[PDB]
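Residue numbers (the entry's author numbering): 3 to 23, 30 to 127.
Worksheet: the structure to be examined is printed underneath.
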């Protein structure tokens with residue numbers, strides 16, 4: 003069962019720290041107005057390996073704490089185009105492949121947290 007939090011409203015250049023409450033790879037996706045749901049980041053079961061969408065790489069950092077059943081997404085240097093509902097997702101796939109950068113790669117989904125970056 004997945005539930006996102008930490009969303010809110012920031013000005014451009016601001017930051018947010020999202021969270022989502030061990031056998032599953034985990035992912036973040038986002039869905040902006042008038043755009044298909046977009047991959048943001050994925051993380052391995054152990055938490056030691058990540059991959060990021062080009063649109064966020066260099067600004068976002070995805071981590072997990074297995075003991076606490078928690079995920080974190082640090083989002084720096086936010087811009088208006090980062091506005092979206094952000095979703096956490098769980099994948100049972102054992103090995104990493106490019107399918108983990110698609111919605112198809114995942115089994116379970118949270119309902120989302122709204123992130124708004126003002127114009």
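From the three backbone atoms N, C-alpha and C, an ideal C-beta is built for every residue, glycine too.
Query: Going by C-alpha distance, which of 14, 34 and 13 is nearest residue 116?; Result: 34
Query: Can you grab the Cα-Cα spacing for the pair residue 13 / residue 19, in whole Å?; Result: 14 Å
Query: So the candidates are 108, 118 and 49; which of them puts its Cα closest to the Cα of residue 63?; Result: 49
Query: Could you name the residues that DSSP lists as bridge partners for residue 46?; Result: 38
Query: Going by the CB atoms, is the gap between residue 42 and residue 86 shorter than 9 Å?; Result: no
Query: Is it a yes or a no for the segment 111-125 touching the segment 75-95, going by three-plus beta-carbon pairs under 8 Å?; Result: yes
Query: Measuring only the C-alpha atoms, how far is residue 21 from residue 67?; Result: 16 Å
Query: Would you list the one or two residues that DSSP bridges to residue 81?; Result: 20 and 70
Query: Report the CB separation of residue 99 from residue 118 in whole angstroms; it is logged as a contact under 8 Å.; Result: Going by Cβ atoms, the distance from residue 99 to residue 118 rounds to 13 Å, so no, they are not a contact pair.
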